[PDB]
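In structure tokens, one chain follows: the form deposited in one PDB entry.
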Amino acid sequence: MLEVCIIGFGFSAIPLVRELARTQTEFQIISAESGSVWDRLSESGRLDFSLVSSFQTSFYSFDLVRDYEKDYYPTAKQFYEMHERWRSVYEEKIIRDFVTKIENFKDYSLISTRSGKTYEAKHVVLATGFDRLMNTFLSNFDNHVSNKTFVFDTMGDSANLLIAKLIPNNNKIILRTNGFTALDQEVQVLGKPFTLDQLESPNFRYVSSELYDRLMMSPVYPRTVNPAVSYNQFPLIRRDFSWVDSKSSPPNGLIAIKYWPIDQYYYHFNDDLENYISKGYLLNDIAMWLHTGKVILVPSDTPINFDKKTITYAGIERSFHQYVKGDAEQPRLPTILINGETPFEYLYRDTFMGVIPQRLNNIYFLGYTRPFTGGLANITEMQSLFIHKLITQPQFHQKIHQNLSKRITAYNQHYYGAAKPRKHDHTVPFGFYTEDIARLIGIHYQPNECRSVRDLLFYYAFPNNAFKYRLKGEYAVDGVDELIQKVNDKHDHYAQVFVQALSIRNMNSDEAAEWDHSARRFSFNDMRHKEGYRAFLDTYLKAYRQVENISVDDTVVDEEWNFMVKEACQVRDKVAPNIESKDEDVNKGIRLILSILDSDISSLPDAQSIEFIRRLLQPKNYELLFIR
């Protein structure tokens, strides 16, 4: 009887399929003829955008190993192209069919398809993706509507992608939301560009949750009164975070819009604008939108009749052309029958690590955990290794499953606490998830096993990407030592990250928040590096309109909008005139570290930071009750 059935093959499943081939496990893939959202975007011609995520975190270790020279943002085209390549390799093993039902028994499951064909499989893996409502807007659109008005009850990376495509057609944007978390996807660090994922040094949570919290959460929670931070100038972006009942920060369930800030966007693309836009590099700067008023925030309770289709803001009644609601992070699970009769009720919190469900035998989920920053690759690679070991190594299987529900309770206690289940429970800091998975599999690193400060940087500051845990051990990939050398050598061994955590070791949360924003340009939501790009923005529009064959008649006065903008930006007009250090501390920190790279750690004698750097071999907060 068939050992393994993979239902659905897009991207999530590639690494697990690679691992099955390797160990020569008997597997079949069943996967729809239609394909995914991407084959949509391929047919309609709509691949004209780029990922919010860096190569290093969006593409799998066994590709990075040969294609990685420098950090870039891949295009939707490059990402689709990489799916069709791995599709091609495995097409012989793929059955084109839709599965409509799985009857799960003690030893195996019975898979029904639309064809009517039936399959028996010992283990089954669902890698079927999500149904998403804005896919419609993204797959089906028209860049001919201009000067119209749009209301969004929700903000997110797809809402942001659509706002990027509207603004050049002098469309007017209103966000009627309960606020949102948005973060510069790229950060100038002493001249060098870093992705946001590259600066989280997540293993610092082991030193203390509180150390990590104040290092991490100042751009999210409004803990600075610095009037350059969008959350002080535009207080409507603020969310209620009272649901958060966990010592883990950032908390599971936190989501974030990743945007290009204009200055980073300038730096990368100014010298060949028409081509870079052509390729799908699009200015999606929400902070710039808020500052120009090409977008405006509005209280959530700003009533409107959907029937007359108008918006009640200030002493104005603006007729809106389109209202956009959107939230469908619901996995595409076909019906699953327990003991082959009782329907299975999906709930992210009731599965272990987002992969192991509780009343089902030999059934795995792959592609349903959402990384909070970085690409899905990071998550799906480690899921792939966790699932492969569970399928192929029955002692491992027994170890996890013995006390499956104790692990799930202990997981939920650490990450969610007492909070009621939410839509976004399935979102997680990637740096915690990957480390979590790796300590279950045992391909993790020991801090006690560091001998040099160089080793202490690898452990704490090297980002917890999937390939990080594939240098050696059970899942070692050829060429990973070279990747780590490459990357290490390009980011100064992630010293700057290590130095941050050091700098804020003695501060309280309010002290850290201030320090974190005492920079000429702080990392996230810095409204001082906006005004001086209005000249460039004008280039960008003209430039955009050329590749995309647009005329917009740009002398028009939406006079009421100009007055809606003025009322919206009130707090701004009060607070931004109050304008006027991490830069220095970091400058001297990097000095100390790059000098003592090769010093034995235990040897270290007794700026008094050396004593904390010793204690880095023996962290207090390593305990994870869901792993032991």
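So that there is no doubt, residue numbering starts at 1 and follows the sequence shown.
There is another form of the same protein, the form solved in complex with a small molecule; it is not shown, and what comes next is about it.
- Checked against the small molecule in the bound PDB entry, the candidates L290, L175, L215, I437 yield a single residue with a heavy atom inside 4.5 Å, and that residue is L215.
- None of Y544, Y231, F524, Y459 but one reaches within 4.5 angstroms of the small molecule in the bound PDB entry through a heavy atom, and that residue is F524.
- Heavy atoms within 4.5 Å of the small molecule in the bound PDB entry map, among the stretches 516-524, 470-478, 409-417, 487-495, onto 516-524 alone.
- Although the partner is absent here, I443 sits far enough away that none of its heavy atoms falls within 4.5 Å of the small molecule in the bound PDB entry.
- Looking at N464, you'd find every heavy atom of it more than 4.5 angstroms from the small molecule in the bound PDB entry.
- Heavy atoms of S384 never reach within 4.5 Å of the small molecule in the bound PDB entry, leaving it off the interface.
- Using a 4.5 Å cutoff between non-hydrogen atoms, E200 counts as a contact of the small molecule in the bound PDB entry.
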